[PDB]
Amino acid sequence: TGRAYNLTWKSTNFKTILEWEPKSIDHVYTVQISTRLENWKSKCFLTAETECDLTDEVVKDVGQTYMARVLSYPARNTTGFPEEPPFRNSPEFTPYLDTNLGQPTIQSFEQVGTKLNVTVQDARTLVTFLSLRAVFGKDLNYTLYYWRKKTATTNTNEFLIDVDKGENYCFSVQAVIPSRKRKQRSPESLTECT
């Protein structure tokens, strides 16, 4: 037939890509997206690649549920009765729930005697750009892991806990959206020590 299989979504911080199989020299692929509000619309036209970046379409509204499909077309006019293009529908995808949280980044830190202070860099995504805080608001929290492992939490991008001067601390941060049932946490960031 020529139909694609293994249609899977790859998304982290709203940067979204559809991937599939098989890699072919015999066929090219056309990719379409749709919602319950909008009919199929082509984004990738006759490509030989096996992935398509759909970030700009899903960000129109990250609260909607989307579906994509891969249409296959011969690459190398065989009859005067051309067949209907074979297609494969992808699984459903709801951006705000399904995208993975990306590894955070400690943009700054310092210990003011008995005051340890850490600042998390503001996560964005190259689309304009789309900010994590601009989407999630109060739903996005951060956890701080620290040893000389205890854990602090915050609703903003700033941490300020108490430490004993002279002491040396090591810590790492992690993004968390507690209202999620799965995909609640991101990987821990690189560790930093005072």
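Note that residue numbering follows the sequence shown and begins at 1.
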TODO: Could you bin the unmodelled part of the deposited chain lying between residue 148 and residue 149 as none, 1 to 3, 4 to 9, or 10 or more?
DONE: 4 to 9
- [ ] For the stretch from residue 127 to residue 128, please bin the deposited residues that the model skips: none, 1 to 3, 4 to 9, or 10 or more.
- [x] 4 to 9
Task: Selected stretch [higher average CA B-factor]: 181-189 or 167-175 - done: 167-175
- [ ] Higher average CA B factor in the deposited record is what I'm after, so tell me if that's 149-157 or 27-35.
- [x] 149-157
Task: Per the PDB entry, maximal CA B factor within 90, 111, 79, 100 - done: 111
TODO: Return the residue from 57, 139, 49, 162 that has the highest Cα B-factor in the entry.
DONE: 162
Open item on the list: Split into thirds by Cα B-factor across the chain's modelled residues, where does residue 117 land: lowest, middle or highest?
Closed with: highest
Open item on the list: Test of reading the entry: by CA B factor among the chain's modelled residues, which third contains residue 105?
Closed with: middle
